[PDB]
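Quick note on labels: first sequence line is chain A, next is B, and so on, each numbered from 1. All values below were derived from every heavy atom in this structure, side-chain atoms included, with hydrogens, water molecules and symmetry-related copies excluded.
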Amino acid sequence: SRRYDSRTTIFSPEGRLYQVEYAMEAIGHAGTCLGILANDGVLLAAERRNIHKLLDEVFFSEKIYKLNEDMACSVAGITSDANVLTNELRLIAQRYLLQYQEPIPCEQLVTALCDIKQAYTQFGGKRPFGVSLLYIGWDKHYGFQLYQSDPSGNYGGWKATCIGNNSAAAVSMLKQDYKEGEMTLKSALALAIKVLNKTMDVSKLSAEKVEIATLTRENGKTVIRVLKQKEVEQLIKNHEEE
Amino acid sequence: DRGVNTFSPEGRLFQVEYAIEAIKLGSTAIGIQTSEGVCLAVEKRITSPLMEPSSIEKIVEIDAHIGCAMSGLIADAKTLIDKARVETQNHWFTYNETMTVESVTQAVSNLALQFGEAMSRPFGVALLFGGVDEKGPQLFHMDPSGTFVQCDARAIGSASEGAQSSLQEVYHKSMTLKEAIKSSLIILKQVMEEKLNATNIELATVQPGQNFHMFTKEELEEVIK
Amino acid sequence: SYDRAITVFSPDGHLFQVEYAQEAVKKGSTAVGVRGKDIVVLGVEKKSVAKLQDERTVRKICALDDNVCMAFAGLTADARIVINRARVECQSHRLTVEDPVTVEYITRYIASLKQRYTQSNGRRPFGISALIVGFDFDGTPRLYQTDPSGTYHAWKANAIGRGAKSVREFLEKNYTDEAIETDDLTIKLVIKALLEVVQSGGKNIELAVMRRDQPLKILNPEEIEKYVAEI
Amino acid sequence: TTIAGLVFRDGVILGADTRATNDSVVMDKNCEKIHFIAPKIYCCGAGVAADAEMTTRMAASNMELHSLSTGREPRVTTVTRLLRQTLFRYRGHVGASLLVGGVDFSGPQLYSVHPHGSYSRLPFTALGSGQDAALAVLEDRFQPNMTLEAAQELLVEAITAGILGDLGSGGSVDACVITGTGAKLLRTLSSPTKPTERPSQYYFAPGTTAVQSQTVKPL
Amino acid sequence: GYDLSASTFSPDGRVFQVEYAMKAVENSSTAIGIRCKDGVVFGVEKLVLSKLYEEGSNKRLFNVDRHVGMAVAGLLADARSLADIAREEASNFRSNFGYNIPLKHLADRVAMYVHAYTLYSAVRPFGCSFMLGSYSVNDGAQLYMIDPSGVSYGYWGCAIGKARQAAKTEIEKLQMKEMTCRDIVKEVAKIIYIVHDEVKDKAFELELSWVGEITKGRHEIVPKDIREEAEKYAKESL
Amino acid sequence: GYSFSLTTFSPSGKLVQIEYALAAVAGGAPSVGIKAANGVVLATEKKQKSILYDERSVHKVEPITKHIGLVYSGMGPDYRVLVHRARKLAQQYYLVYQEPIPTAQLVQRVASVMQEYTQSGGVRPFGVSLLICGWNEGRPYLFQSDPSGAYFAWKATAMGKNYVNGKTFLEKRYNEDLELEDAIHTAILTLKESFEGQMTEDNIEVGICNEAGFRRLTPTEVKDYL
Amino acid sequence: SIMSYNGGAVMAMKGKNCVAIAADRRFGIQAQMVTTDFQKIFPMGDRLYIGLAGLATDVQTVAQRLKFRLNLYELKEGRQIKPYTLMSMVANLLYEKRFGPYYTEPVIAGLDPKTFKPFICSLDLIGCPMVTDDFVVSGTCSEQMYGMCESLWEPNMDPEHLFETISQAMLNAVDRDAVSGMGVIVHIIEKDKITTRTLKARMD
Amino acid sequence: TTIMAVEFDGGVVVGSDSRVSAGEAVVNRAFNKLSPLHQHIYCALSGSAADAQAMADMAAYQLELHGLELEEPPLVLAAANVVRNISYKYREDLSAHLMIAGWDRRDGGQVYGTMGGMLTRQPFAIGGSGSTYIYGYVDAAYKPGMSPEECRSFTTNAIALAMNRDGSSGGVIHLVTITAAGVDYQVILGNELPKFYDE
Amino acid sequence: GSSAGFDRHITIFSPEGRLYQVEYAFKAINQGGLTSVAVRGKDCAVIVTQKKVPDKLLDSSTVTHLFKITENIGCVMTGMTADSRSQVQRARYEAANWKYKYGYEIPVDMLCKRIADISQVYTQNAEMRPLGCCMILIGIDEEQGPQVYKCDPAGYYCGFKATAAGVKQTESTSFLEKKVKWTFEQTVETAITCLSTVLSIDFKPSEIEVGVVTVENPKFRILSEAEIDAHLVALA
Ligand SMILES: *[B]([O])([O])[C]([C][C]([C])[C])[N]C(=O)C1=[C]N([C]2[C][C][C][C][C]2)N=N1
């Protein structure tokens with residue numbers, strides 16, 4: 001038994017957690033996920049990996065999951081691991097609503113999931129979840145928000161951020177193009193396309209290679225929708241002329 | 001890689017032997033039992049000048065008639081100290097009387113080898129139990145192997161070998177508490193790397209009729225002269 | 001259930017995993033605490049000062065109750081767990097003793113939890129160190145420091161995290177009674193100490209002061225800038 | 001409730017009334033009491049209505065799993081063993097009184113299963129509050145090896161006796177004919193009763209009802 | 001390393017841990033069992049490792065039931081545990097079915113219990129072998145042997161321990177099928193004296209037990225005076 | 001049992017046990033799935049080692065419900081476990097909602113079970129890939145669930161031996177207006193490209209899914225198509 | 001009885017391509033009235049409502065646990081629940097407490113999400129369904145409601161006539177019941193719109 | 001319910017009535033209360049129908065497994081012990097007396113009464129609600145050395161006398177004769193039952 | 001033939017996608033040195049197995065590889081003896097339980113599948129090794145007639161017309177391959193001949209074991225030394 005134990009939750013000689021770092025390596029090669037916060041909403045733009053011609057389309061999306069009435073998330077890393085965490089997020093949100101009869105504040109939902117992730121890195125002997133997430137949501141305390149969390153159990157709030165393939169280069173572009181408090185959903189969508197065009201290495205951006213979701217407030221209610229091919233195609237056209 | 005309960009070729013438990021090694025890196029503690037009572041002195045071993053000397057507690061009260069000096073991994077000692085306090089209070093509740101020094105030491109010792117894969121390893125600490133019961137002043141010593149024994153004079157910690165030699169050359173059956181207190185401080189000063197003042201050491205006594213008493217700064221200075 | 005012994009004794013009498021946990025603390029952000037007359041000063045290196053970050057979401061300085069604050073260094077995810085365990089402890093203590101906990105009482109609870117994770121099957125030790133401050137029921141200032149092994153000590157002034165030695169070495173020669181005489185003088189000692197390791201000292205340092213019967217009063221960019229300006 | 005079954009020359013006929021009552025008030029005038037267990041096995045339920053419904057659903061589900069694994073047609077004896085072993089476990093608290101009928105490899109089989117878990121294999125049975133009336137018709141006119149039409153008429157007369165004699169039964173007669181070849185579910189095989197035509201009537205105009213507030217929400 | 005665990009098969013399809021446990025049995029002293037017409041006789045060459053030990057110390061002949069005797073070889077502590085398992089099995093059978101457990105069924109139960117310690121890394125295979133002898137009017141004389149792997153068989157004559165091969169040759173010369181317990185006791189004693197080594201393992205005590213028509217189906221130690229004749233006869237033989 | 005994971009992350013960020021499970025799937029017998037306009041076809045090569053085997057004793061195409069069928073590529077005994085678990089999941093869903101479980105819902109639950117075996121203590125991942133077909137709300141579905149627990153919706157796909165060529169063949173032969181009968185023909189042809197010698201009605205299994213339900217094609221029926 | 005401790009009445013009526021659900025608004029403990037605007041009808045979709053009568057505490061608990069379950073269902077399945085599926089979901093929820101039941105008898109009313117076919121049903125406290133083609137009632141004045149519904153209900157009623165029918169049925173029924181009343185709320189569910197009306201009722 | 005079993009040289013005769021009752025209503029007038037636990041071992045049921053049926057099935061299962069493990073036909077005493085064990089363990093919950101009768105090669109024909117967890121071997125046993133009315137009859141009519149034919153006649157008479165007097169008994173008389181040769185079933189219908197003083 | 005980590009010690013996947021421990025379990029079946037052959041007739045099923053008892057002090061009657069699972073189901077074990085006994089004990093229990101809960105006798109193929117499923121668990125869990133044995137089952141099914149099933153250490157099971165297991169398994173498969181491509185006497189003679197030909201041995205009555213089930217007499221039966229002799233003389 002001791003001879004086969006891989007010892008996933010122990011400190012290495014230089015105080016590092018190897019399994020957590022190795023899981024971060026996996027997230028770095030996965031599809032690009034970017035989140036941008038604007039004055040009138042938030043958006044999620046993710047590169048699609050499933051692009052084969054014989055693939056069928058019948059779900060809400062591929063990398064964007066609705067968590068509750070006012071929150072959505074995007075994942076990067078192990079697909080099957082993401083399904084487990086996304087289902088857990090939904091339960092946490094519903095449990096909060098059952099108890100207080102109010103939608104769970106965005107940051108509280110992220111923190112609850114990060115607690116589960118941290119637990120895997122400290123005890124149990126299991127390998128950690130190889131997922132990084134981006135959260136977009138609206139709540140009555142802070143309005144429109146954007147969060148990013150990783151396998152170690154750490155999370156942070158952002159105005160614009162990126163995870164996955166070439167996220168370091170995507171973050172650089174965002175720093176020089178994002179205008180604090182002067183961004184709009186239309187202007188955020190253009191930036192997303194611009195950033196996505198650079199990080200991705202396939203010349204023509206293509207509407208079939210991406211998925212975009214926006215979160216806005218309409219008549220006192222949150223509206224989350226995935227942009228259709230037409231709208232996405234038009235956005236790509238704009239960049240060409242841009 | 002072996003398990004925590006692996007025996008060595010010479011008949012010893014590796015982990016218990018490694019825990020005894022940890023006791024050697026700890027501060028020196030001295031215990032002396034005489035006819036008038038028992039005194040416990042421990043070197044505070046303050047690491048820096050910005051550190052508050054009062055926060056360091058190497059000598060504690062288990063009960064009114066029993067004192068305890070620790071050496072080694074201080075954090076592990078707290079678990080045992082609390083256990084001992086609970087034992088004596090439980091004994092008081094059940095039998096309406098005080099627990100003897102030997103009994104308390106026995107109860108604390110029974111938690112030494114209780115580890116496996118619940119403690120995952122043995123405690124890295126050595127204890128000195130001093131107090132007064134029906135048999136008079138009593139000094140007991142317990143180590144990581146669960147072995148406990150009554151002693152007349154005992155030193156534990158980093159400089160225990162040197163301290164023991166002095167102790168056995170200057171200890172007799174008739175010596176009073178005053179001599180013990182002075183003798184124990186003399187040896188402490190000789191094996192202490194730093195200078196022995198009234199803020200860098202700890203002293204406590206327990207005599208027949210008097211409760212566990214931790215010497216104050218003023219009382220140490222008087223004796224230190 | 002995973003019951004493997006993770007923290008065991010090494011041949012020299014050391015606890016390998018505990019020493020590895022201390023290595024993790026060394027890579028953490030520098031935190032500095034200093035005792036004052038009637039206010040405690042806590043200075044933490046903000047480091048990550050990105051322009052796309054929501055600063056409020058990643059605070060190192062936290063409140064444990066209405067009378068006790070704390071700073072940490074090392075694994076940030078481990079820190080969040082310990083902070084929340086202490087919060088529950090403070091609530092429990094107010095419902096069974098009908099009185100707020102003292103600074104040492106919460107430090108003891110936190111230190112005891114850290115020690116428990118160095119002698120328990122199936123788990124590694126917490127990879128953090130904490131600086132705890134505040135004032136007791138009467139009104140005296142306290143500064144405690146716990147580490148991964150579970151040992152805690154009271155200090156006049158202390159530093160933790162990366163380059164803690166350097167800030168500790170410099171703290172001995174600069175800590176006095178005149179230096180911690182006035183409230184605005186307690187903010188001067190900290191900053192200088194932080195400046196010995198914090199790159200581009202100024203907007204890379206977070207600040208917080210705990211006063212008498214006053215809530216976590218975090219300082220602001222311009223508030224801190226004043227002191228930086230003069231200095 | 002009146003439920004009844006008989007074994008005839010080529011198969012099984014099950015019967016039931018369609019009245020569901022809450023104490024002394026009719027709640028449902030068309031409750032379906034003959035339930036599918038498997039393609040060639042049906043069940044009539046009496047007793048506690050929520051227990052019957054759950055018990056038969058659980059059994060049908062387990063019997064479908066069984067037949068997916070074995071790859072064969074389920075036996076009536078298996079249904080009786082699953083049902084009776086479940087009911088005995090609950091010591092009568094699950095108040096399901098059932099008539100189980102079906103045709104398998106060994107031929108037609110009829111069983112009565114009672115709430116505590118006891119069972120009996122018989123050529124004709126009746127259950128429910130109208131059971132004595134139906135049983136009197138069977139005792140008086142049952143013969144072994146009847147033809148399909150004679151058995152259908154006999155079972156209808158037995159259910160009808162319960163419908164007219166027992167205040168807990170009413171409505172229509174439903175039947176289920178099971179043979180080696182097919183299953184004929186005849187929901188509403190006979191309709192012996194009906195609401196009267198009604199002489200005059202009542203009419204409410206436009207704003208007969210006074211309204212305090214109104215919100216319209218378009219979809 | 002393919003021989004560190006019982007849950008690991010080696011490349012040529014062997015469980016080396018089970019085979020290592022069999023080596024322990026081969027280091028032990030010899031014990032033989034002979035089935036005749038009237039019952040079963042057990043004989044053990046109990047080595048006296050010290051003069052300080054009392055006579056009858058570390059016995060290798062057990063009573064697992066009123067009508068069942070057990071002769072063991074190998075690790076005595078492992079064997080004592082197996083004897084307790086067998087006793088409990090016999091007692092359990094009497095409680096559930098109301099009568100004396102048949103020997104074959106008892107041998108099956110114990111063997112499967114033994115077999116359970118040869119599949120995992122969590123436990124290690126038992127280091128002993130044992131024989132089970134019994135006699136009843138209905139079943140007659142029965143003799144079974146179970147080894148560390150868990151395999152059990154019925155025998156006419158059996159031997160376990162270091163000199164199991166030499167003892168077997170001696171046992172084959174006898175015609176136990178038509179013999180009776182009384183005359184077989186002397187023969188068993190004789191064989192043990194022949195296979196006993198003098199150069200090595202000096203000084204041994206002979207243990208004898210039997211069950212059959214002569215003891216009315218009760219397994220017991222052979223009466224001292226009857227064992228005297230056997231010891232005398234065996235000494236003269238060799 | 002062991003409480004630690006057997007599948008861990010390597011230095012480059014991979015989970016080698018899952019990759020090794022995929023190698024077992026890739027060396028398995030070829031399986032094809034084609035979604036037509038009014039149905040789905042599941043075809044698999046079932047070549048026995050000898051004529052001693054009873055062809056009609058074991059099947060590779062299995063029904064989960066009346067409207068859901070399954071097929072696999074990889075380790076047969078692992079496949080049996082999942083089939084039994086899928087049937088159980090479908091019945092649990094039916095007990096609660098009183099309606100046949102939608103194909104997508106069943107795939108998600110089966111994939112979740114497979115994901116569990118890549119993280120749970122003392123176990124290896126399943127060495128099988130599944131092809132699930134179904135008909136819900138007047139529409140056909142085709143899903144693929146692999147060892148990691150990931151699942152994809154396909155129009156047409158192939159797994160097992162020579163799956164890469166099979167997929168390329170399908171891309172140059174599949175169209176959206178295809179019919180079930182036409183889909184069945186191109187499904188058998190796909191298997192023929194990687195087949196060894198002589199495709200009969202005893203060495204191949206075909207399952208179909210339409211509005212009537214899911215059913216395994218009888219050998220007589222398969223002979224006619226061949 | 002535990003079912004008359006708080007009072008209350010709910011009824012659902014089927015019309016021509018539409019459904020109606022109504023309830024009393026009184027919340028009271030035994031003889032004493034506490035409030036006159038207690039909610040008994042909860043939305044469970046665009047064109048799907050559930051009415052709960054019985055013990056007030058269980059009315060709120062059942063509605064909340066059902067909302068919890070329905071929300072999770074909609075996220076996982078990515079679609080709106082069917083009226084009949086909701087009935088099964090509710091029955092399953094009530095049957096779980098077979099021995100220690102929730103004291104409430106739910107009434108479901110709605111139109112199917114794709115075909116807009118009217119659907120109504122009523123369950124008991126144990127979870128036994130009663131799908132009907134005309135109407136369903138639940139509460140302390142069920143006998144009075146049955147009387148009103150049996151003689152007033154007509155097949156193929158349009159939204160206006162259906163409103164009048166259910167309104168008169170509830171008004172006259174709750175007026176003969178001591179612990180039910182203090183206002184009546186009515187929901188008319190059509191394919192394109194939801195109309196909610198509060199009726200002028202007796203407050204004694 | 002009336003059940004009876006008699007031992008004879010070479011086997012046993014066991015019989016019972018066919019009435020299942022629920023108060024004053026006859027729910028089953030032709031029920032078979034004689035149930036086989038094994039090839040040559042039978043048990044008569046009395047008391048609660050559900051309890052007796054469940055116990056009989058549990059025992060049949062345990063005996064079947066036991067027989068395949070021991071590679072031989074189970075003894076009658078073993079079957080009685082298994083029934084006794086279940087009956088004693090659940091005495092507080094079970095309300096059924098399972099009378100055991102059969103044949104084995106070691107002890108021949110044996111009859112065991114196992115009511116309430118107590119096991120007793122008898123030359124003849126009677127049970128059920130109707131058995132109280134025939135105690136006097138069996139004590140005066142029973143003779144040692146009876147043949148199987150006489151045993152069958154003795155059993156039929158006793159059951160018939162009980163059926164006439166006991167409201168809970170009636171219908172037909174089921175009869176089984178067990179020997180080394182096998183099991184012989186027999187049904188005495190209502191119009192073929194022994195007639196005694198009736199008016 | 002690539003390997004990595006602990007793939008040759010526990011049941012985890014190797015780089016090629018193989019399970020070495022399961023493959024080693026197949027080699028453990030051949031350690032006993034015996035061969036078994038099962039043949040399905042038109043209305044019967046016959047199992048023949050080598051009976052080697054060269055110890056001489058052993059009680060011949062207790063040395064057997066033929067077992068009765070239920071009244072109508074027989075089986076022959078090949079491989080590690082103790083592993084076989086536990087598998088036989090498990091099969092007996094599974095059959096008894098099936099009858100108890102479903103009210104009818106377990107079909108041969110259902111029993112084989114149940115045993116195969118239990119074997120599969122050992123190939124997926126690391127803490128326990130697979131059994132080093134093989135089980136062949138025979139019996140009469142009401143509709144399908146005579147059945148012959150076999151399951152191995154991998155958890156794979158199948159129905160056969162004729163099959164074999166053990167040391168000379170491959171040659172038995174070949175021998176029967178031609179023959180298959182039968183009355184009770186013909187089925188029995190075919191089985192004995194296959195075993196004799198692949199082992200190059202002129203069998204004697206006490207050197208083989210025979211088990212049968214027929215449509216006329218479904219009960220699993222073991223032939224006596226005299227019954228086997230009659231067939232042996234007819235083959236000679
Ligand atoms: B007898 O009267 O004792 C008889 C013997 C049984 C069949 C073993 N018992 C009963 O008459 C009898 C009837 N019931 C139930 C009554 C309620 C309806 C179901 C049957 N239980 N035992």
Side-chain angles (χ1 to χ4, degrees), chain A residues 50-56, chain F residues 21-51 53 55 58-62 69-76 79 127-133 140-147 152-209 216-226, chain I residues 16-17:
Chain A
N50 295 354
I51 36 146
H52 202 290
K53 297 161 247 174
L54 290 180
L55 273 164
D56 200 2
Chain F
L22 279 160
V25 168
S31 278
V32 197
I34 298 168
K35 179 163 83 63
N38 57 322
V40 199
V41 57
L42 293 183
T44 197
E45 161 190 312
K46 57 160 342 209
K47 255 193 5 78
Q48 298 302 168
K49 1 260 183 84
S50 76
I51 64 141
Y53 281 81
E55 34 274 4
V58 292
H59 309 283
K60 285 186 52 149
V61 173
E62 302 270 29
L70 236 69
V71 73
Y72 79 102
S73 264
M75 294 170 37
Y79 171 70
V128 112
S129 255
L130 302 171
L131 270 193
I132 309 88
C133 75
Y141 291 96
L142 175 60
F143 289 94
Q144 160 155 10
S145 201
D146 76 332
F152 320 77
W154 288 102
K155 289 221 240 252
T157 195
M159 11 182 254
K161 201 202 46 220
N162 310 123
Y163 71 103
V164 166
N165 284 324
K167 268 148 123 252
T168 60
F169 173 94
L170 282 167
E171 287 174 74
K172 185 200 175 337
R173 294 279 307 231
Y174 174 92
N175 81 83
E176 277 175 312
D177 311 335
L178 195 78
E179 286 272 82
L180 193 60
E181 256 110 75
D182 285 65
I184 292 161
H185 280 282
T186 146
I188 269 134
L189 294 159
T190 303
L191 274 185
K192 248 204 213 1
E193 301 253 77
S194 37
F195 209 81
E196 278 264 285
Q198 211 38 227
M199 186 183 287
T200 76
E201 97 263 27
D202 285 28
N203 54 35
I204 73 158
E205 218 177 321
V206 181
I208 41 107
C209 205
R216 185 161 53 243
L217 280 197
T218 217
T220 330
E221 276 141 12
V222 178
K223 211 156 29 171
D224 296 6
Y225 284 107
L226 276 166
Chain I
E16 270 168 278

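- Scanning all heavy atoms of the two residues, the minimum distance from F/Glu205 to F/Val61 falls at OE2-N, 3.1 Å.
- In terms of heavy-atom proximity, I/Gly17 sits nearest to F/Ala24 at O-CB, 3.3 Å.
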*What do the steps show when you test F/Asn162 against F/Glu193 for side-chain contact (heavy atoms from CB on, under 4.5 Å), and what is the final call?*
CA-CA 9 Å; F/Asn162 310 123; F/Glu193 301 253 77; over 6 Å; no
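- What you find for F/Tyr53 and F/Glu55 is that their closest heavy atoms are O-OE1, 3.2 Å.
- Results of the side chain to side chain contact (heavy atoms under 4.5 Å, CB included) test with F/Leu70 over F/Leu130, F/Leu42, F/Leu131 single out F/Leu130 as the only residue that passes.
- Summarising the geometry of F/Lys167 relative to F/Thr157, their closest heavy-atom pair is CE-OG1, 3.8 Å, with the distance given to 0.1 Å.
- Applying the salt bridge (charged side-chain N to carboxylate O under 4.0 Å, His left out) test to pairs two or more places apart or on separate chains, those with a residue in residues 30-44 of chain F are A/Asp56-F/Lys35.
- Here the CZ-CG distance, from F/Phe152 to A/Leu55, works out to 8.0 Å after rounding to the nearest 0.5 Å.
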Could you tabulate the donor-acceptor pairs under 3.5 Å formed by side-chain atoms of residues 181-192 of chain F, not counting sequence neighbours?
| residue | atom | partner | partner atom | Å |
| --- | --- | --- | --- | --- |
| F/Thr190 | OG1 | F/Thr186 | O | 2.7 |

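- In this structure F/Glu45 satisfies the salt bridge (charged side-chain N to carboxylate O under 4.0 Å, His left out) test together with F/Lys161, sequence neighbours excluded.
- Using a 30° and 60° split on the angle between ring planes, F/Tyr79 and F/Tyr72 fall in the parallel class, below 30°.
- Distance check: F/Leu142 CG to F/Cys133 SG gives 7.5 Å after rounding to the nearest 0.5 Å.
- In this pair, F/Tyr141 and F/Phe143 present their aromatic rings parallel. The plane angle is below 30°, not in the 30 to 60° band.
- Distance check, rounded to the nearest 0.5 Å: CZ of F/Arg216 to NE2 of F/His59 gives 4.0 Å.
- Distance check: F/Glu201 CD to F/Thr220 OG1 gives 7.5 Å after rounding to the nearest 0.5 Å.
- The two residues F/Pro30 and F/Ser73 make their nearest non-hydrogen contact at C-OG, 4.1 Å.
- Panel note: side chain F/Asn203, backbone F/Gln198; a donor-acceptor pair is recorded below 3.5 Å.
- Taking each heavy atom of F/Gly39 and F/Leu180 in turn, the nearest pair found is C-CD1, 3.7 Å.
- Annotation for F/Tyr174: atom OH counts as buried by contact number, over 12 foreign heavy atoms lying within 6.0 Å.
- In this structure, the separation between CD1 on F/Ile132 and OG on F/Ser145 is 5.0 Å, given to the nearest 0.5 Å.
- In this structure, F/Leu22 CG and F/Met159 CE are separated by 11.5 Å, a value rounded to the nearest 0.5 Å.
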